[PDB]
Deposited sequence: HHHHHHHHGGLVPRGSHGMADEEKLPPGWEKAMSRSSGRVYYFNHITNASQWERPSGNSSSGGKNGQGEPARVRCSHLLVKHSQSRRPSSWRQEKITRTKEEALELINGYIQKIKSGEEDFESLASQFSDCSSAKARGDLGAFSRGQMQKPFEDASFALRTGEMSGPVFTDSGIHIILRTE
């Protein structure tokens, strides 16, 4: 299996699924290094973020647990097709990249927070992560290039 991918069994149905312990992605389907990647992200900050503030809210006070519930709700809406990643990043991301539908542009190793970097490079083009935790808060990351 590609880097970071492992086999598990669903608790509710018993069926085999695959999850990635670098990107926190999980999916039923069996899965399948560049100098640079391009990603977008949606960040939900919480009270222990390095800076607990954003363009959305001057004082961010939600707990880490409440941030993670939000992130999980947005992942659900994205995977169901109810909402697009870009539309939710523009409305809800706690980072000024929201004004570019979450786009960060292209970057190499050695530039972003390390868990964000590792998740970004472990995604294939087009793939989306699960919740990815960094000092800034919790991200959903979409690799676009």
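In this entry, the deposited residues absent from the coordinate set span 1-24, 57-68.
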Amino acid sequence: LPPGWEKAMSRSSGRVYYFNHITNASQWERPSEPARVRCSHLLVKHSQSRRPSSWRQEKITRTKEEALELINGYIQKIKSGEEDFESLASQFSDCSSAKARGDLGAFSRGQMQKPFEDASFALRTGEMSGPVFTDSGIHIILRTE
From here on, numbers count along this sequence of modelled residues.
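The mean C-alpha temperature factor is higher for 109-117 when 109-117 and 76-84 are set side by side. In this entry, 34-42 shows the higher mean Cα temperature factor of the pair 92-100 and 34-42. Per the deposited record, the Cα B-factor of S136 falls in the middle third when ranked against the other modelled residues of its chain. For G14, the recorded CA temperature factor ranks within the highest third of the chain's modelled residues.
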